[PDB]
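Notes to accompany the following structure.
Every number in this text was worked out from the coordinates using simple rules, so none of it is lab data. Here the Cβ positions follow ideal geometry from the backbone for every residue, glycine too, while neighbour counts run over all protein chains shown.
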Amino acid sequence: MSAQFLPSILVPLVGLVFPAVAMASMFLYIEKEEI
Amino acid sequence: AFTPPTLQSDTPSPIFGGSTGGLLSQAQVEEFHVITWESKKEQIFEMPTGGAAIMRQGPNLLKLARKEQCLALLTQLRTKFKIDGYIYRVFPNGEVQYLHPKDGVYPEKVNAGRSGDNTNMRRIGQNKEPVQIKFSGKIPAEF
Amino acid sequence: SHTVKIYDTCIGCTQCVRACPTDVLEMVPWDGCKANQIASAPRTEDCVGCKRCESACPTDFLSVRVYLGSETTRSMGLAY
Amino acid sequence: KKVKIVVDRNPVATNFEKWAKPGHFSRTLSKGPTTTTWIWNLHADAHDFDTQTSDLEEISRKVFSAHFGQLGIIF
Amino acid sequence: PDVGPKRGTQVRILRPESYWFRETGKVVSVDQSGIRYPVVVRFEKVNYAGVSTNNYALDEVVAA
Amino acid sequence: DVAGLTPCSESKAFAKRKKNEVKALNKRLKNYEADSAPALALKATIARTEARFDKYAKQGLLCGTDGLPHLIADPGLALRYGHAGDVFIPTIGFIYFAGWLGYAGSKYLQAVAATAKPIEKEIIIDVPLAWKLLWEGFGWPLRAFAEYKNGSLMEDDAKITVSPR
Amino acid sequence: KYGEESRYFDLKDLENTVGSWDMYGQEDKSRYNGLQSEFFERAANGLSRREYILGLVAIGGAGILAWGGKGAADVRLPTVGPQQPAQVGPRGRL
Amino acid sequence: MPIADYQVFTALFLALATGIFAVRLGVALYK
Amino acid sequence: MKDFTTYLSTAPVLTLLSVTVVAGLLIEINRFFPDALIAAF
Ligand code: CLA
Ligand code: CLA
Ligand code: CLA
Ligand SMILES: CCCCCCCCCCCCCCCC(=O)OC[C@H](CO[C@@H]1O[C@H](CS(=O)(=O)O)[C@@H](O)[C@H](O)[C@H]1O)OC(=O)CCCCCCCCCCCCCCC
Ligand SMILES: CC1=C(/C=C/C(C)=C/C=C/C(C)=C/C=C/C=C(C)/C=C/C=C(C)/C=C/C2=C(C)C(=O)CCC2(C)C)C(C)(C)CCC1
Ligand code: SF4
Ligand code: SF4
């Protein structure tokens, strides 16, 4: 496939960075007291 | 001619060895309840939190978490030892609010002078249809 | 905080009041039944929703109804 | 005091009068089978001797006889 | 004199709420006071709560 | 032949199946004596198997490609090709017996419903009355048709309890 | 609480009647050496802000991407390595 | 003729723009 | 004797006896008329 390096960067981004960021943001938002 | 009796902090507590089913951290930041009764003799009774305590001869005070625990203990005292008690609600700031025997007369007995709160003058099937109160944060029972 | 309602079909038997475990109902004077008393729910904030009052009502249909709504620290029966 | 053989003579009569009256052991099963729940309740409390009587002596006697019946079945 | 049917008269229930809707029952007694439901009707069919008697208004029952 | 089915009499698979079953039974029989109990039991089983296969082939049953009998459940199709005893006649027989039991139960329930204590009559059945009603239930088709044409077999919709919609 | 006897309730001392005790806490400002304490408080100077401390965590996120694009290949991960031959399949397929 | 790397990069950029439009629609829906 | 006959008339006793009689009749029908696949009259 063209640009074999792309999956090695996108898979961890969508499975590790994006989920951690999304969970942290959701946790901080669902307990804001004043949204 | 009835006035809520004040809560005396000098009332001794029943003889109990301690248990893990007592007050937690909610009573420190939210509220707790206190039940005070008068016993004619020192006798063993069952606590709502588990175990057995001994109520002293005279005034007894017991602090519990929920109001249901106090009411259960009062029911046990009324149906087993024929003892009448008073329940109060205490807040962390230090405010005491009288509860259960609100007007000195038990709720099962009519007192003539209470508030007829939440008493519809219709039948259960005479409520408004759910489609007639759509887009309104109310149920058919509140009309 | 549940919604407790009393209807005119009540006969003033006072069974629902005796069956309440949190002291939410009480009997007040009335003139629509032979008992000359009706049930009321002045302390609905302490109602937990056990529906014990409905299991004790002898009228058909029930004269006392409990509609579970917004849950609070008291309605959920939480001691912690 | 003093262990001995204490027994009561002829406490229950032997007849089929109660065999034709299902639910005789329970007080709550006296209004008759108004609903099908009564049939299930008849079997769910047949061996609950604690509910059929408040006397410990009768409960013990029932347990002893039930044990004898079980032994006969095993035999 | 007296309102409603006499005691011991077969009546038919008209309240859809009632477990005995469209069913017949015997009039046990009728209260002679300004009561919303003064007609006491007994039934031979127990409801889900095990009750066989109920109170109905004068317009909630039909003779025979 | 109805739907590409071959009669079991001329079906080769049917004969092969019978031969294989008898062969297995004889193989099991070979490990015993000639007059012992297991030998007699196996011989009886062989005789029953042969009689069953012969009866199925003689009754005119239809066999498929697998060699097993097939039933025709269609009036007219089974009546014109001689297969009314497959589902038609059994349907009539069932309907009759089922209606007999149902009518007997209905009559018993209606007869005891007029008693001062019907629930006890339901848990403690009246043997003589039940026997008489069971006998009377054999004429259930005539009685049911008469009650239907009479209007007493049904209850008025206005007299039956219903939910509040 | 004024638990001098059998009284475990006191409105004037309601703080002690709800079990609000530290149990194990102890205030003491004489422990960590001044020279070592200064070094650590100095190392974690501006890292006490939510935005700045999150930045340190953001570095971990960059390391995750760095591992996939470089770290995984340097540890000779099987997924980033090569492949040997193949199979045909059940029937005449690929 | 397999797709080249530049094509994948262009597709990813267009997807980024589409995601921006999607987040804008989501924000509008939240209001 | 009346009580015994009343007990024998109860729902469980009558149910078991009826089921036993029906099962016995069916077993004997299949014993004397076995492998009745169709209604051959
Ligand atoms: C909904 C469609 C869809 C799905 C299910 C997938 C699934 C997948 N993609 Mg892919 N992708 C898509 C659309 C999609 N893609 C489109 C339209 C493009 C063109 C830009 C790409 C370009 C792309 C590349 C370059 C790569 C993948 C890769 C992958 C694999 C790993 C995921 C990853 O980390 O890459 C990240 C994916 C992206 C950065 C772009 C995807 C954006 C889509 C459209 C978001 C859709 C969200 C959805 C509609 C909303 C659902 C809610 C949900 C988020 C909770 C995975 C199996 C990787 C791979 O090949 O693994 C070996 C890889 O490197 N995709
Ligand atoms: C020496 C052993 C023993 C004894 C003497 C008792 C005695 C008693 N038990 Mg108990 N129990 C036992 C063991 C025992 N139990 C065991 C091992 C268990 C774990 C399963 C239980 C769990 C248990 C519960 C949960 C309860 C009791 C209750 C009771 C009391 C009422 C029983 C009754 O009349 O119900 C009626 C008896 C029956 C309806 C018999 C039905 C038999 C079962 C349902 C059928 C099983 C099928 C069988 C294996 C064959 C299958 C073939 C089938 C296809 C035909 C009674 C004093 C009840 C009580 O209220 O206590 C006061 C109660 O609710 N028991
Ligand atoms: C007098 C007995 C009797 C009669 C006349 C009927 C009649 C009827 N039943 Mg019913 N039923 C019965 C007993 C009876 N049932 C019993 C005892 C049960 C509990 C298992 C049921 C459970 C039942 C269900 C769940 C349903 C029906 C339904 C129906 C209707 C459709 C026919 C059917 O599907 O039957 C089906 C029959 C059964 C499922 C079981 C039958 C039970 C036994 C075999 C028959 C009774 C034997 C009786 C005790 C013999 C006494 C003899 C007497 C001399 C003492 C029909 C009007 C259906 C309906 O509503 O249709 C619209 C339906 O859904 N029945
Ligand atoms: C090995 C280590 C691995 C490291 C991995 C990486 C670690 C990084 C950690 C960083 C944590 C996240 C940042 C801080 C969290 C935060 O502020 O919460 C953000 C706010 C906080 O709530 C509240 O929202 C308030 C707004 S109001 O109250 O609603 O007005 C406001 O006060 C403020 O935002 C906030 O307090 O929460 C939200 O509203 C977020 C909800 C939705 C979260 C997912 C967004 C969708 C995906 C992102 C878009 C993708 C790209 C789109 C274009 C293509
Ligand atoms: C520039 C550039 C670079 C950066 C490239 C980058 C950064 C690429 C990023 C690409 C990304 C990240 C694409 C993400 C796309 C996400 C999409 C298409 C999501 C769509 C979601 C949809 C359509 C549905 C949303 C929904 C809606 C609307 C709701 O209302 C409910 C929620 C939900 C159901 C999800 C680098 C530096 C590399 C090199 C130099 C040039
Ligand atoms: S639901 Fe329970 S707590 Fe509420 S009024 Fe009825 S009995 Fe009382
Ligand atoms: S239980 Fe029913 S009838 Fe009795 S007092 Fe309460 S609401 Fe009235």
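Summary of computed values
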| read-out | value |
| --- | --- |
| Computed over chain G: relative contact order in percent, which uses C-alpha pairs under 8 Å that are six or more apart | 9 |
| Of E:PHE21, E:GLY4, E:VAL46, farthest towards positive along the dipole that unit charges on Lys, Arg, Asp, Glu beta carbons give chain E | E:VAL46 |
| For segment D:3-75, radius of gyration divided by Kirkwood radius, i.e. Rg to Rh on alpha-carbons | 1.02 |
| Chain F: most fluctuating residue of F:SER152, F:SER106, F:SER11 per GNM, C-alpha cutoff 10 Å | F:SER152 |
| Kirkwood Rh (inverse of mean 1/r, distinct Cα pairs), chain F, angstrom | 21.3 |
| Net charge dipole size for chain E [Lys, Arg +1 and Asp, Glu -1 on Cβ; Debye, nearest 20] | 160 |
| Cβ-placed point charges (K, R +1; D, E -1), dipole of segment F:1-106 about Cα centre in debye, nearest 20 | 500 |
| Mean shadow area of segment F:80-165, taken as a quarter of the surface of its Cα convex hull (nm²) | 9.7 |
| Extreme residue, positive dipole direction of chain B, given options B:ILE15, B:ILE44, B:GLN28 (C-beta unit charges) | B:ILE44 |
| Interatomic Cα distance distribution for chain E, bins of 5 angstrom, percent | 4, 21, 34, 25, 13, 3, 1, 0 |
| Measure of compaction for chain C (Cα Rg per 2.2 N^0.38 Å) | 1.08 |
| Pairwise FRET efficiency - F:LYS132 versus F:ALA158, Cβ, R0 = 51 Å, nearest 0.05 | 0.95 |
| C-alpha center-to-center spacing [segment E:1-57, segment D:56-72] in angstrom | 49 |
| For D:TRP19, G:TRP21, order by how many other beta-carbon atoms lie within 10 Å, fewest first | G:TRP21, D:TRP19 |
| Candidate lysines - alpha carbon under 19 Å from G:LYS12, same-chain residues fewer than 8 apart omitted | B:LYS63, G:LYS1 |
| Centre separation in Å (Cα based) which lies between segment B:1-29 and segment B:48-88 | 10 |
| Per residue, the convex hull volume that the Cα atoms of segment B:1-50 enclose (Å³) | 143 |
| Per-bin percent of Cα-Cα distances, the protein assembly as shown [10 Å] | 2, 7, 10, 11, 13, 14, 13, 14, 10, 4, 1, 0 |
| Partnerless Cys - the protein assembly as shown, beta-carbon criterion under 4.7 Å | B:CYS70, C:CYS10, C:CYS13, C:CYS20, C:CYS33, C:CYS47, C:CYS50, C:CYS57 |
| Degrees separating the helix B:67-80 axis from the principal Cα axis of chain B, which is the longest one | 60 |
| Separation in nanometres of the label points that stand 7 Å from Cα toward Cβ, at G:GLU15 and F:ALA73 | 8.5 |
| At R0 = 25 Å, FRET efficiency that the Cβ-Cβ distance of G:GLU51 and C:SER70 yields, to 0.05 | 0.10 |
| FRET efficiency, G:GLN26 to A:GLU31 (Cβ-Cβ, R0 30 Å, nearest 0.05) | 0.40 |
| Nearest-20 debye value, segment F:28-165 charge dipole, Cβ charges on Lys, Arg, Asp, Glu | 180 |
| Computed over chain B, the ratio Rg/Rh where both radii use C-alpha atoms and Rh is Kirkwood | 1.11 |
| Which of F:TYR56, A:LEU10, G:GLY89, positive extreme of dipole for the protein assembly as shown (C-beta unit charges) | F:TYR56 |
| Relative contact order of chain B, pairs being alpha-carbon contacts under 8 Å that are 6 or more residues apart, as % | 23 |
